[PDB]
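Chains as they are written, first to last, in PDB author numbering: chain A, 23 to 335; chain C, 1 to 78, 168 to 240; chain D, 1 to 78, 168 to 240; chain B, 336 to 670.
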Amino acid sequence: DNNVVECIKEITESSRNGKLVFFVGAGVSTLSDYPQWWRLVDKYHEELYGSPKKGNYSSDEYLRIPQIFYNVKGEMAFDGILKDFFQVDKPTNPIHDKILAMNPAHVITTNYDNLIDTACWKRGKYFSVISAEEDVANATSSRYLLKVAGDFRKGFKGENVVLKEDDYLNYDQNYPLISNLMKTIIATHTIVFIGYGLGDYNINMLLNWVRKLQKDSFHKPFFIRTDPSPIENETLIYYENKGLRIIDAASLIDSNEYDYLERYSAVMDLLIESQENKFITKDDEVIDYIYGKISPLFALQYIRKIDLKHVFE
Amino acid sequence: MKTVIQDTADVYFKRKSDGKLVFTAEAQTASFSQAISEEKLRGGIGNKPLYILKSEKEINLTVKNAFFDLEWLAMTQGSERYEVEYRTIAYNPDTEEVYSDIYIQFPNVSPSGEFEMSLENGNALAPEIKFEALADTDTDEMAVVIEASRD
Amino acid sequence: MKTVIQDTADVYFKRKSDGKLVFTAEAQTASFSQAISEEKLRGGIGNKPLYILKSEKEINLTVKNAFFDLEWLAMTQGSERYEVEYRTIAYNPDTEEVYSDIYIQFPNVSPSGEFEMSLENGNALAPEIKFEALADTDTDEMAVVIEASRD
Amino acid sequence: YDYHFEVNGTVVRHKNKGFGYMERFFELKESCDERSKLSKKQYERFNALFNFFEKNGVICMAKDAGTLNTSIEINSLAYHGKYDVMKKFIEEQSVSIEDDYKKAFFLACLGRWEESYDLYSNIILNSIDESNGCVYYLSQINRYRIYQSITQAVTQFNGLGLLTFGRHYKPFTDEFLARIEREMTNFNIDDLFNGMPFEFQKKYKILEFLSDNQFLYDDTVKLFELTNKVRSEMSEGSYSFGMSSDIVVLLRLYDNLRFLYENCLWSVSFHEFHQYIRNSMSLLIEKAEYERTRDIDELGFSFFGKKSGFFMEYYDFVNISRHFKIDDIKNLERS
């Protein structure tokens with residue numbers, strides 16, 4: 023599709039300029055046997071009411087169940103179940119390496135884990151992790167790894183991760199530097215979203231508010247859709263009017279429902295690999311490419327022949 | 001248009017027992033170096049020697065290319170000599186017209202490539218291959234040349 | 001203690017008609033050259049002569065540390170052609186003991202160095218400078234040499 | 336850039352507008368009473384400084400420089416070609432992370448290129464928990480060099496090796512090759528020293544040239560200039576007092592070998608590194624040959640009335656036996 027061609031060209035161009043920022047959702051973390059949110063909520067509900075919930079967790083229930091637990095039993099039990107659930111090491115999956123293959127200047131992540139940290143360190147590109155309001159001043163390198171949702175580096179304590187209703191209600195006061203750095207990151211870069219659903223209320227409101235502010239200067243971030251069901255044109259139109267740009271993996275490849283790894287790998291390989299000019303196509307798209315690279319060299323009077331090896335990458 | 005002037009070449013390997021084709025269309029370095037010498041030998045006894053022709057002799061050759069030949073290299077991917174037949178042309182200086190061709194033939198070649206060319210930056214291919222001219226204990230061999238200029 | 005071994009030198013210069021010492025002391029390069037030649041400049045003579053033994057001859061020299069002077073530099077800031174002395178030390182190889190001093194003197198010198206180093210990256214001072222053993226018509230010149238080791 | 340360290344361990348003033356903290360240290364070197372004028376703590380700091388400097392070949396201030404007999408020694412077991420003791424060493428149990436680095440280089444040397452990469456990936460994960468800086472930075476560099484080696488090896492085996500050995504020998508498993516292309520897919524080495532923390536960027540700046548290619552360019556150009564110098568002097572009849580232009584070549588070569596062999600860096604086996612040693616030793620032997628035959632008037636021998644004679648020692652034989660080819664050695668044989 024021409025639209026997918028434009029998306030790919032834009033993202034690659036952003037990669038060349040050192041202007042690509044990846045955004046990690048729960049999909050990347052689910053590709054390494056990391057226990058998902060719903061298992062944690064099921065655990066909490068099982069302790070609270072002696073049985074798991076029947077039916078899908080409503081978006082309000084995800085936030086309300088642990089509020090009830092924290093209100094009733096207290097900090098100790100919540101921390102204990104957190105310790106039981108999240109004191110497990112896991113190995114990195116290939117998508118983690120693929121994310122860092124594009125060399126993103128900064129990486130955002132709403133997953134609480136530290137898998138992306140190990141993935142960042144194994145490759146060799148250092149990032150100044152920021153997860154508490156203390157770290158913001160202390161950041162050394164110019165590259166950031168923004169863990170908006172708190173981490174366990176300082177202790178498996180409920181106070182250090184956003185997991186109860188009041189945190190999402192009081193996110194503004196608790197981590198406002200985080201909010202400000204976030205906003206400036208989306209504003210002045212090309213952001214891409216991967217492994218992220220479409221239901222997190224605070225993030226979606228944040229993106230809507232970003233669009234509302236920036237008006238026509240809002241360089242629209244990119245979204246990778248990876249569900250096996252192809253995206254509906256009505257939904258596509260609605261989210262396009264809302265102010266994003268959708269990339270569907272289902273259009274790219276065909277696979278089974280549970281082959282999420284295949285889909286993620288396919289879209290990421292299409293992005294990196296795509297080095298791209300291959301998209302030339304017809305005859306008269308050859309001169310129009312050579313021109314764009316050679317014509318700037320007309321203010322100079324003569325250029326060393328072998329030196330052209332630089333200009334053509 | 002002012003000054004430089006260059007040329008070209010053509011290389012043609014062949015493995016014996018059949019007409020197996022491996023070849024390079026060019027040889028830029030193509031460093032050809034004949035060599036003959038002698039240091040010391042002989043017992044210097046028996047009064048009359050009645051002979052002496054010892055001249056050792058050996059030939060060196062060099063080629064660059066990236067055409068190991070497209071099909072049977074991949075066939076064997078998953168020692169019957171490597172005879173080469175060099176070919177080129179020569180022109181009359183007075184007229185500068187192409188009037189003569191040259192063919193160079195070697196009957197028994199043995200490849201001895203230094204298998205440690207691990208270099209430190211990604212190069213423009215150029216896997217230079219160097220060759221040694223080999224001879225059995227029978228006769229003849231090494232150098233036979235074909236020459237045109239029948240005009 | 002394994003293998004380098006080094007030594008030392010020293011370079012003194014002077015100005016004629018005064019006891020002025022305005023120049024370096026310690027030549028790092030300290031390369032020294034002597035040369036004699038001949039040509040066809042006398043390619044033809046009236047014969048029944050004797051000879052001239054021209055031989056041209058020349059001496060080239062160079063030193064590099066600088067730090068000429070400050071008192072005499074100041075006095076000269078506000168063409169006797171200068172004279173140079175070289176002093177080195179020599180030791181008996183059998184005993185490796187400091188026993189002799191080598192004295193060399195060149196009466197006429199004329200420094201003429203390439204007054205453009207123009208180097209792309211700044212150096213650590215040391216403007217290497219060269220000398221030619223000038224000569225008049227009178228007598229002697231070139232060099233006079235003295236030796237210690239009166240032991 | 337405050338001072339300038341010559342290749343002989345001397346020091347000269349370059350960019351100093353204040354106190355000469357080199358000069359004070361070097362006068363403290365000879366002043367035992369002042370060495371006794373320090374606390375036990377400060378005495379220990381001076382002792383550590385003294386040991387480091389004496390191991391680093393620095394001697395004294397150039398103003399007081401006399402006759403300097405600098406020592407040379409190469410201690411890497413790989414240099415001496417002890418392939419059995421190293422084999423015993425690898426099987427032994429690792430103790431500290433430095434031992435892991437040394438064993439990684441040893442695995443690299445013995446031609447077992449496979450496990451070297453895996454051990455390097457192990458140490459790169461396990462390194463930081465001890466809060467060490469240098470080991471990680473060097474471990475990534477060694478990793479990229481060994482990856483270049485593996486890729487060139489597989490290409491070269493496929494290209495000419497099939498004719499060379501007669502069998503398409505596959506030394507590396509396919510999944511390993513598939514991985515190594517993935518991990519270092521976009522690795523452009525130039526940024527490696529520009530990505531590490533600022534704290535690392537203030538301590539070990541001296542280790543910066545090992546990232547890009549320039550570390551074998553800077554010394555190669557200096558060897559070219561020195562070669563031009565000695566070649567020009569060789570055809571004038573000139574005599575050089577003190578240090579000739581050729582002793583600097585020997586000193587640079589030996590210092591480079593010490594730095595690139597003791598630290599267990601893998602750049603030893605690359606062709607570009609052999610290129611340096613070739614034209615270094617060739618120049619040295621040419622200089623010896625030229626000295627062996629010439630003429631002097633009276634003072635020629637009076638200048639440096641002896642020679643090293645290029646007594647060619649054991650290290651010299653090791654170097655020539657390693658970093659040459661037969662076609663190279665016959666060229667020196669002719670002249």
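From the three backbone atoms N, C-alpha and C, an ideal C-beta is built for every residue, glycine too.
Mapping DSSP to helix, strand and coil, what is residue i?
| i | result |
| --- | --- |
| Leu403/B | coil |
| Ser33/D | strand |
| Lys364/B | helix |
| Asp227/D | coil |
| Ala179/D | strand |
| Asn125/A | coil |
| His658/B | coil |
| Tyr166/A | strand |
| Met357/B | helix |
| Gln194/C | strand |
| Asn47/D | coil |
Quick check: what's the CA-CA separation for residue i versus residue j?
| i | j | result |
| --- | --- | --- |
| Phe639/B | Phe576/B | 7 Å |
| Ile269/A | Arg233/A | 19 Å |
| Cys444/B | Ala413/B | 7 Å |
| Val187/D | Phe361/B | 26 Å |
| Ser55/D | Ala224/D | 14 Å |
| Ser189/D | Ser637/B | 11 Å |
| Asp651/B | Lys557/B | 21 Å |
| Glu58/C | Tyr148/A | 58 Å |
| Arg447/B | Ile524/B | 24 Å |
| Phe45/A | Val129/A | 6 Å |
| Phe645/B | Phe440/B | 33 Å |
| residue 22/A | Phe535/B | Within the shown structure, residues of chain A are numbered from 23 to 335, placing residue 22/A beyond reach of any answer. |
| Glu68/A | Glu426/B | 52 Å |
| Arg176/D | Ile235/D | 10 Å |
| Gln549/B | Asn181/C | 49 Å |
| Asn666/B | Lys660/B | 10 Å |
| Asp526/B | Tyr479/B | 13 Å |
| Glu230/D | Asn65/D | 26 Å |
| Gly202/D | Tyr166/A | 57 Å |
Measure from the alpha carbon of residue i to the alpha carbon of each residue in the options, then state which is nearest.
| i | options | result |
| --- | --- | --- |
| residue 132/D | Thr29/D, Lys2/D, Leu70/D | In this structure residue 132/D is absent; chain D steps straight from 78 to 168. |
| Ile407/B | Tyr504/B, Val420/B, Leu600/B, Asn391/B | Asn391/B |
| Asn210/D | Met578/B, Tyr336/B, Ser670/B, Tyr589/B | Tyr336/B |
| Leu561/B | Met616/B, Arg657/B, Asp464/B, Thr508/B | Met616/B |
| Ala488/B | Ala232/C, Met206/C, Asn212/C, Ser238/C | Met206/C |
| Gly496/B | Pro216/C, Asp7/C, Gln28/C | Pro216/C |
| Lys16/C | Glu169/C, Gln6/C, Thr3/C | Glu169/C |
| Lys65/A | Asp101/A, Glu32/A, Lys31/A, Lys112/A | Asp101/A |
| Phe522/B | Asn196/A, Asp119/A, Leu220/A | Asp119/A |
Note down, in chain order, every chain B residue with its Cβ under 7 Å from the Cβ of residue i.
| i | result |
| --- | --- |
| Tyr148/A | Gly530, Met531, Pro532 |
| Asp291/A | Here the premise fails: no neighbours, minimum Cβ distance about 10 Å. |
Which residues of chain D have a Cβ atom closer than 7 Å to the Cβ of residue i, listed in chain order?
| i | result |
| --- | --- |
| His339/B | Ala213 |
| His349/B | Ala213 |
Along chain B, which residues have their Cβ under 8 Å away from the Cβ of residue i?
| i | result |
| --- | --- |
| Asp7/D | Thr402, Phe576, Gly577, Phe639 |
| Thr162/A | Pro532, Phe533, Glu534 |
Anything in chain C within Cβ reach of residue i, meaning under 7 Å, just list it in chain order.
| i | result |
| --- | --- |
| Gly446/B | Correct list: empty, because the minimum Cβ distance to chain C is about 11 Å. |
| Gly494/B | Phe68, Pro216 |
For a contact meaning CB atoms closer than 9 Å, what does residue i contact in chain B?
| i | result |
| --- | --- |
| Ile178/D | Within 9 Å Cβ-Cβ: nothing; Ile178/D doesn't reach chain B, min ~10 Å. |
| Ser36/A | What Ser36/A touches in chain B: nothing, since even the nearest Cβ is about 15 Å away. |
Kindly list, in the order they appear in chain C, the residues whose Cβ is closer than 8 Å to that of residue i.
| i | result |
| --- | --- |
| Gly501/B | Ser168 |
| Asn548/B | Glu209, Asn210 |
Going along chain A, which residues have a C-beta under 8 Å from residue i?
| i | result |
| --- | --- |
| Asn521/B | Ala123, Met124, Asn125, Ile294 |
| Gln475/B | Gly146 |
| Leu460/B | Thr140, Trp143, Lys144 |
What residues from chain C crowd round residue i, counting only those whose CB sits closer than 9 Å?
| i | result |
| --- | --- |
| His658/B | Within chain C, no residue comes near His658/B; the closest Cβ sits about 11 Å away, beyond 9 Å. |
Inset, instruction - For the stretch 465-523 of chain B, list the alpha helix (DSSP H) runs that are entirely contained and at least 4 residues long, ordered along the chain. - result: Counting whole runs of 4 or more residues, the stretch 465-523 of chain B contains the alpha helix (DSSP H) stretches 469-491, 497-500, 509-518.
Inset, instruction - Return the chain-ordered ranges of every beta strand (DSSP E) run that is complete within the stretch 52-136 of chain A and spans a minimum of 3 residues. - result: Residue ranges of uninterrupted beta strand (DSSP E) with 3 or more members, entirely inside the stretch 52-136 of chain A and ordered along the chain, are 128-131.
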